[PDB]
Amino acid sequence: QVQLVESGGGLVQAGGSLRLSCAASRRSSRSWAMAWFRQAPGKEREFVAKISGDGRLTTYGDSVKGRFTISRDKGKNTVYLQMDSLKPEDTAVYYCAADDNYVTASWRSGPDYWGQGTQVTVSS
Ligand SMILES: CN(Cc1cnc2nc(N)nc(N)c2n1)c1ccc(C(=O)N[C@@H](CCC(=O)O)C(=O)O)cc1
Ligand code: NA
Ligand code: NA
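Residues numbered from 1 in each chain as written, not as in the entry; some residues may be left out. Chains lettered and ligands numbered in written order. Heavy atoms only, no water.

This deposited entry lists X-ray crystallography as its structure determination method and 1.70 Å as its resolution.

Caption draft 1: Structural detail: the state of the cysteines. Taken as a whole and assessed by the stated rule, the structure comprises one disulfide. Disulfide pairing places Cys-22 opposite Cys-96 at an S-S distance of 2.2 Å. Because the sign of the S-S torsion sets the handedness, a value of about 65° for the bond joining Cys-22 and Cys-96 places this disulfide among the right-handed ones. Taken together, the residues span a long stretch of sequence, with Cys-22 in strand β3 (residues 18-24) and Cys-96 in strand β9 (residues 92-99) at a distance of 74 residues. For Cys-22, a relative accessible area of 2% puts it in the buried group. (Disulfide = S-S within 2.5 Å. Helix = DSSP H or I, 4+ residues; strand = E, 2+ residues; numbered from the N terminus. Buried < 20%, exposed > 50% of the residue type's maximum accessible area, 1.4 Å probe, protein only.)

Caption draft 2: Broad picture of the site of ligand 1. In the vicinity of ligand 1 lie 18 residues, with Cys-22, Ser-28, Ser-29, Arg-30 and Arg-72 positioned nearest. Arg-72 has a polar side-chain atom sitting 3.0 Å from a nitrogen atom of ligand 1. At a separation of 3.2 Å, a nitrogen atom of ligand 1 approaches a polar backbone atom of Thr-78. Protein coverage of the free-state accessible area of ligand 1, which is 670 Å², stands at 78%. When each cavity is represented as a set of grid points, ligand 1 is found to reside in the largest pocket. It is β3 that contributes the most residues to the shell around ligand 1, three residues altogether. Classifying every residue of the shell around ligand 1 gives nine nonpolar, four polar and five charged. (Near = heavy atom within 4 Å. Polar contact = N/O pair within 3.5 Å; in protein donor to acceptor, adjacent residues only side chain to side chain. Areas by Shrake-Rupley, 256 points an atom, 1.4 Å probe, with all protein chains shown as cover. 1 Å grid on protein atoms, 1.4 Å probe; cavity = no way out; pocket = protein on both sides within 12 Å on 5 of 7 lines; lining within 4 Å. Sits in = over half its atoms within 2 Å of the grid points. Nonpolar A, V, L, I, M, F, W, Y, C, P; charged D, E, K, R; others polar.)

Quick look at the structure:
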């Protein structure tokens, strides 16, 4: 069925920016909260940011608040993660995910659909 696909990943110098995008193979008439998570070796996948189905509410993980911005565009059926002031510590595979519930979209188990990930590496 529905496939989420991340793009915009890369290898950039610290202090640089990237903008990730998550596109889907189909549109839904329903409300889906969307989220980004990241995973590095030696770690559990961790929540980074989420946005409610209507775009009005956003939450960020404590390590990225103020530096990253999540936003979504209905006409293009795409969700974005603007990542500024990148640090070495942000290096990870980033995944996008869709959840029918905004509260649980930050839980590892909450989302109903996940992409396969895009790699982001930040060199010092
Ligand atoms: C989660 N998702 C993808 C989805 C939804 N909203 C988004 N919104 C934005 N802004 N960006 C996205 N990448 C995005 N992706 C879905 C989930 C279900 C169906 C789906 O079940 N569609 C049925 C119809 C039932 C329906 O409309 O839900 C179909 O036949 O296409 C489609 C996309
Ligand atoms: Na929008
Ligand atoms: Na859910």
